[PDB]
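To keep things clear, I will list the structure first and then write my remarks on it.
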Amino acid sequence: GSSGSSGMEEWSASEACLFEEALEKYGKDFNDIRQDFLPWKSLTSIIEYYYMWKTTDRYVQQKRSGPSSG
(Lines give C-alpha, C1' and ligand atoms only; values in the text may rest on other atoms or scores of the structure.)
Protein backbone atom coordinates (compact mmCIF):
# COMPACT_ATOMS: atom_id res chain seq x y z
CA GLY A 1 0.00 0.00 0.00
CA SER A 2 1.48 3.29 -1.18
CA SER A 3 0.40 6.78 -2.27
CA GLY A 4 1.59 9.43 -4.71
CA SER A 5 0.42 12.94 -5.54
CA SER A 6 -1.20 12.37 -8.94
CA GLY A 7 -4.45 12.97 -10.80
CA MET A 8 -6.93 14.70 -8.50
CA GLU A 9 -6.98 14.77 -4.70
CA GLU A 10 -9.46 12.27 -3.28
CA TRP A 11 -10.56 12.47 0.36
CA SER A 12 -12.76 10.08 2.34
CA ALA A 13 -16.15 10.68 3.97
CA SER A 14 -14.55 10.25 7.39
CA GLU A 15 -11.67 12.55 6.47
CA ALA A 16 -14.04 15.26 5.23
CA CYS A 17 -16.06 15.30 8.45
CA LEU A 18 -12.83 15.40 10.47
CA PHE A 19 -11.85 18.67 8.78
CA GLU A 20 -15.21 20.42 9.17
CA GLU A 21 -15.35 19.61 12.89
CA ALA A 22 -11.69 20.62 13.03
CA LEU A 23 -12.58 24.18 12.04
CA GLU A 24 -15.47 24.60 14.48
CA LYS A 25 -13.22 23.19 17.20
CA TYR A 26 -9.80 24.60 16.33
CA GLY A 27 -10.46 27.06 13.53
CA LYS A 28 -8.17 28.65 10.95
CA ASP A 29 -5.24 26.72 12.44
CA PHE A 30 -4.33 24.03 9.91
CA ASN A 31 -1.28 23.42 12.11
CA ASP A 32 -3.20 22.53 15.28
CA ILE A 33 -5.32 20.20 13.15
CA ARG A 34 -2.68 18.54 10.97
CA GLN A 35 -0.89 18.08 14.29
CA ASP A 36 -3.34 15.75 16.03
CA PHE A 37 -6.54 15.74 13.99
CA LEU A 38 -4.70 14.56 10.88
CA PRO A 39 -0.97 13.80 11.35
CA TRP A 40 -0.53 12.01 8.02
CA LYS A 41 -2.35 14.72 6.07
CA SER A 42 -0.35 17.77 4.98
CA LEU A 43 -0.77 21.39 6.07
CA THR A 44 -1.84 22.81 2.71
CA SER A 45 -3.40 19.57 1.48
CA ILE A 46 -5.99 20.05 4.22
CA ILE A 47 -6.57 23.66 3.19
CA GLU A 48 -7.26 22.87 -0.47
CA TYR A 49 -10.42 21.04 0.60
CA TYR A 50 -11.64 24.12 2.47
CA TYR A 51 -12.13 25.79 -0.91
CA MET A 52 -14.06 22.84 -2.35
CA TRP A 53 -16.20 22.96 0.79
CA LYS A 54 -16.93 26.69 0.56
CA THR A 55 -17.56 26.33 -3.17
CA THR A 56 -20.27 23.76 -2.44
CA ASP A 57 -23.91 24.10 -3.48
CA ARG A 58 -22.90 23.87 -7.15
CA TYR A 59 -25.90 22.64 -9.14
CA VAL A 60 -26.14 19.70 -6.74
CA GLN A 61 -29.91 19.41 -7.07
CA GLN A 62 -31.91 18.65 -10.22
CA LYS A 63 -33.98 21.19 -12.14
CA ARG A 64 -37.68 21.59 -11.36
CA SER A 65 -40.69 23.48 -12.72
CA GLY A 66 -42.36 26.31 -10.82
CA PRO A 67 -45.58 28.36 -10.79
CA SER A 68 -44.60 29.91 -14.12
CA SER A 69 -46.53 33.03 -13.11
CA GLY A 70 -46.09 36.00 -15.42
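FYI, nothing fancy with the C-alpha coordinates labels: chains A, B, ... in order, residues from 1 per chain, ligands from 1 as they appear.
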
Practice prompt. Would you mind listing what lies within 12 Å of stretch 48-52 of chain A as an MDAnalysis selection string, with only C-alpha atoms counted and same-chain residues fewer than 4 positions away left out?
Written response: chainID A and resid 8:12 15:23 27:28 30 41:44 56:58
